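Inspection log for the structure reproduced underneath, given as structure tokens.
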Amino acid sequence: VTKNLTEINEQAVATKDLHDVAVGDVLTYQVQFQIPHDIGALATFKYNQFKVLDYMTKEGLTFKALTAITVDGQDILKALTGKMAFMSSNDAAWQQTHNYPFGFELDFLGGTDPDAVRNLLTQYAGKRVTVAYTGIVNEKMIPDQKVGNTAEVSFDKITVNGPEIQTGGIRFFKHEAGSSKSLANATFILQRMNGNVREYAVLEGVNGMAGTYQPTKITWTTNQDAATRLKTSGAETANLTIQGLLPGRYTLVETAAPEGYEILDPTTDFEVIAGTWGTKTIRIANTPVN
Ligand SMILES: [Cl-]
């Protein structure tokens, strides 16, 4: 049995055991295993269960869809749909059945029509079958945490672990020049260079948030006026934080100082460090003028 993360946002990615992800990313996984050569055999059938359980013990992914079940280049999901047993972590029964924040269980022979399913699998006896599915990186995917999954295949088991995923974040502390006084209501936008194209962050799911940003998705625009205006809180230690970012270079661009202040540093260049909140909370001064 194998498990791999094969795509991010429907683009193929290189196989490795650790991937950096952004919040809102759609991750494609594949779990592959062999149909027994004697899947069709009489013992009354020898096989009455053919189960795939896939789960994560840590938060950060929401189940999206079972996308394909393929063998020998043939997608057989259309033929199998409605005949099998299936539950995911989106279903109300999941938590009490399998106490994990993410996962699914597919029992090829546990549904209403196991004979039909067994007959189909018998056409591909001894061949490798791939179950593909997607998940969505959600607002509970926090930095400083590598999270992985486990798949188990059983006929009454074999277990494998998938790759780990992680995300980045950053913290700033906007303050009055010369002191540690927290300044609320400074306005920033988040900028990056994607190749030679300057782009700005659009955060979904952050209406009503200030200071702490925990978006459900981050996309990028070349229309600067469409960028989400991020606001500092008056909090003590870090009054602007963002999570769910890919590693690399960014610029925090100050578009308005708080009332009674002027901008000192229009641009703050910084790095997101893969999988972490970064080296330190980045202090940014504003100049008092009242
Ligand atoms: Cl930039």
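Quick notes on this structure:
- Burial order of peptide ranges 170-182, 258-270 (average beta-carbon count within 10 Å, highest first): 170-182, 258-270
- The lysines within cross-link reach of residue 127, meaning a Cα-to-Cα straight distance under 20 Å and a gap of 8 or more places when in the same chain, are 3, 46, 51, 78, 157.
- Modelled spin-label separation between residue 90 and residue 57, with each label point placed 7 Å from Cα along the Cα-to-Cβ direction: 2.7 nm.
- Only the Cβ atoms of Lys and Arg (+1) and of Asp and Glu (-1) were treated as charged; on that basis the dipole of the stretch 2-166 about its Cα centre amounts to roughly 360 debye.
- Partner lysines whose Cα lies under 16 Å from the Cα of residue 174, excluding those fewer than 8 positions away in the same chain, are identified as 231, 280.
- Sequence-distant contacts, meaning Cα pairs under 8 Å at least 6 residues apart, place the relative contact order of the stretch 168-288 at 38 percent.
- Label point distance in nm, residue 216-residue 176, each placed 7 Å from Cα along Cα→Cβ: 3.9 nm
- Sites residue 283 and residue 75 - FRET efficiency at Förster radius 51 Å, r taken between beta-carbons, to 0.05: 0.40
- Cα gyration tensor, the stretch 2-166 - rounded (a/c under 1.5), prolate or oblate: prolate
- Straight-line reach from residue 140: taking Cα to Cα under 16 Å and skipping same-chain neighbours fewer than 8 places apart, the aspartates and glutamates in range are 20, 25, 59, 164, 204.
- Among 222, 40, 12 the positive-end extreme of the charge dipole of the chain (Cβ point charges): 40
- Per-residue ellipticity at 222 nm, computed for the chain from helices alone with -39500 (n - 2.57) per DSSP H run of at least four residues, works out to -1500 deg cm²/dmol.
- The loop-placed trypsin sites (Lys or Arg not before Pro) in the stretch 235-290, going by DSSP, that have at most 11 neighbouring Cβ atoms within 10 Å of their Cβ come out as 280.
- In order through the stretch 166-180: 3J(HN,Hα) via Karplus (6.51 cos²θ - 1.76 cosθ + 1.60), integer Hz, x for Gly, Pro: 8, 9, x, x, 8, 10, 10, 10, 8, 9, 6, 3, x, 8, 9
- Net dipole in debye of the chain [+1 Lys, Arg Cβ; -1 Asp, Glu Cβ; about Cα centre; nearest 20]: 220 debye
- Net charge over other residues, Cβ less than 9 angstrom from the Cβ of residue 220 (K, R count +1; D, E count -1): 0
- Paramagnetic reach from residue 128 (point 7 Å along Cα→Cβ, amide N under 18 Å) across the stretch 3-22: 3-7, 13-17
- The alpha carbon centroids of the stretch 50-123 and the stretch 124-146 are separated by 12 Å.
Positions of Cβ are generated from backbone atoms using ideal geometry, with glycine treated the same way; all protein chains shown enter the neighbour counts. A short reminder: the numbers here are calculations on the coordinates, not readings from a lab.
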